[PDB]
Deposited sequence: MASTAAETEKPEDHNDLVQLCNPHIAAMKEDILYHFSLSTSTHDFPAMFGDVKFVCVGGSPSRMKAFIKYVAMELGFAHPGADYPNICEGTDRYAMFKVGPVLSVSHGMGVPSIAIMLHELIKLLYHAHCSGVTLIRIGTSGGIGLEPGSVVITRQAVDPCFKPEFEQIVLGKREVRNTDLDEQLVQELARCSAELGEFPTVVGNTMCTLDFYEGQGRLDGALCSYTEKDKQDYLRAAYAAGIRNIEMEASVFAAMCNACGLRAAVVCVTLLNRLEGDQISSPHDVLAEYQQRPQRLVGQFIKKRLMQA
């Protein structure tokens, strides 16, 4: 049995209208069950254009192809959203707080639509550590910049922490799907999630930087030693919030560069757009496989 989507906030049951402000959707103007009740896979990534390309790429592989793919979030540009069959594709921008909003309103949408048996997957990009550019990483543990699998949030002035473990079973399943493809290297490892892309990640090419290359290396290698294989900016909340709500979730990012050799993203554009299809492809394999049982 596929369990219903639950919230962890008793206030929503008691609201006469629930306005999903950043989606430009509302219970009083939209029928959630009719629009989303059949959704089973939610896919989320930073760029809206990427997540559109995804809903197109994926429609083709389940034979939905032809067609136009309307943005469900018309009347807003905070987030883009697309649906095809049981697959929802939603952008989330960059950074913990941007994705945190998307998730808050997303989960509520699933709860309103009365969805059940949903899987959430982040298809992102990252920087790798001691991996060839182009490798995809399936996250076991989202980790903070001190390598603790914790996510910290300040509520009413007090610090609260939730665990950022990702469903073990799903990472092993994803592992298998990538192999069925045999198209690109894929490892599982821990993902370090930061709040800054430059100083936040040992980079030497920001506007500010009070440290040396030798300092960047020491830090980055220490991270690798702790089981860390890539670096991005959303894995923590994603893990934390899904766990908080009992949702099955996973994170699949391609690395765009090996950080032990550089900071700047200087691959030909043609190569970087290939890199970014890898996670879409992998997740493509996962959904197709799942819809055959």
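Engineer: Which regions of the deposited sequence are unaccounted for in the modelled residues, listed N- to C-terminal?
Structural biologist: Those parts of the chain that were deposited but carry no coordinates are 1-13, 80-81, 309.
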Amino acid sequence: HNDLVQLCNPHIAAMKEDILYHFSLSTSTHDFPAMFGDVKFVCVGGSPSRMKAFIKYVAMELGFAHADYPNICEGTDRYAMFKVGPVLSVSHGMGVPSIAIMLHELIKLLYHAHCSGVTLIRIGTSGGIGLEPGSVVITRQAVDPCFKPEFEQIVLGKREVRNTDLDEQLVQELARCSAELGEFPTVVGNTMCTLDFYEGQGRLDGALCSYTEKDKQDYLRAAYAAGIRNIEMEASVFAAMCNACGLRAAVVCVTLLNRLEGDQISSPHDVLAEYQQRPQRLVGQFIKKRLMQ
From here on, numbers count along this sequence of modelled residues.
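Engineer: Would you say residue 256 is missing from a third or more of the other compared entries?
Structural biologist: Looking at the other entries that model residues on either side of it, residue 256 is present in every one.
Engineer: Would you mind checking whether residue 244 is unresolved in the model of at least a third of the other PDB entries compared?
Structural biologist: No, none of the compared structures omit it.
Engineer: Averaging only over Cα atoms, indicate whether 203-211 or 181-189 has the higher B-factor in the PDB entry.
Structural biologist: Taking the mean B-factor of the alpha carbons in each, 203-211 is higher.
Engineer: On average, are the C-alpha B-factors higher in 57-65 or in 35-43?
Structural biologist: The recorded data point to 57-65.
Engineer: Looking at 162, 83, 104, 92, which has the biggest Cα B factor in the entry?
Structural biologist: Comparing C-alpha B-factors across 162, 83, 104, 92, the maximum falls on 162.
Engineer: From 116, 98, 139, 194, which pick has the Cα B-factor that tops the rest in the entry?
Structural biologist: Of the options given, 116 has the highest CA B-factor in the PDB entry.
Engineer: In terms of the chain's CA B-factor thirds, is residue 216 lowest, middle or highest?
Structural biologist: Highest third - that is where residue 216 ends up once the chain's C-alpha B-factors are sorted.
Engineer: According to the PDB entry, is the CA B factor of residue 14 in the bottom, middle or top third of its chain, that is, lowest, middle or highest?
Structural biologist: Residue 14: CA B-factor falls in the highest third of its chain.
Engineer: Going by what the PDB entry lists, where does residue 273 fall on CA B-factor within its chain: lowest, middle or highest third?
Structural biologist: It falls in the top third of the chain.
Engineer: Lowest, middle or highest third: where is residue 108 by Cα B-factor in its chain?
Structural biologist: Its C-alpha B-factor belongs to the middle third of this chain's values.
Engineer: Rank-wise, by C-alpha B-factor, drop residue 30 into the lowest, middle or highest third of its chain.
Structural biologist: Within its chain, residue 30 is a highest-third residue by C-alpha B-factor, going by the deposited values.
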